C-alpha cells in the first residue's frame, strides 16, 4: 500500500505508475521535493470519506496545510463498482505538471505559488476504506 521511488533532481520528463484499482478507498500519488514539500498530490478517490469516483489535485508546503483543491473531469474511474488497470503518467512541464491517464490527457496543473520542481520522491499510497477489491501496484516509473 505504500511504496515509492526516489529520483535525481527531476526538472523534466515525467513519472508514472501502473496499478490495479480498488473498488473502495483511494489511491494517492505524492510528488515531494527535498524540503519534503508536496509539489503535487494526485488523489483518486474510488470510494472515500463520502464521495465516489472523485479526482483531487493539490499541493502543500511541509509545515502549512493544503491550498485550493482541484477536481478535474476526466479521470477513468470505472463505473458500476468495477476495477481495472490504470496507467497514470505525470509530466514535469515548463509551467506545470501535465497529467494524463491511459494515454489520454486529464489536465495541466501550473506550479503552485512558489512551489516549482525538481521532484525527488514519487509516492504511491493506497488507503483502504472497506474495499472488496484492494488496489494492486504493478510499476513505478521515471521517464527521461
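Numbering follows the first chain given and starts at 1.
- For the segment pair 84 to 92 and 103 to 111, the entry gives 103 to 111 the higher mean B-factor, averaged over Cα atoms.
- With 129 to 137 and 14 to 22 compared on mean CA B-factor from the PDB entry, the stretch scoring higher is 129 to 137.
- The residue among 62, 27, 56, 31 whose C-alpha atom has the highest B-factor in the PDB entry is 62.
- The PDB entry assigns residue 7 a C-alpha temperature factor belonging to the highest third of its chain's modelled residues.
- Among the modelled residues of its chain, residue 48 has a C-alpha B-factor that falls in the highest third, as given in the PDB entry.
- Among all modelled residues in its chain, residue 77 ranks in the lowest third by Cα B-factor.
- Residue 70: CA B factor in the middle third of modelled residues in this chain (values from the PDB entry).
- Among the modelled residues of its chain, residue 40 has a C-alpha B-factor that falls in the middle third according to the deposited record.
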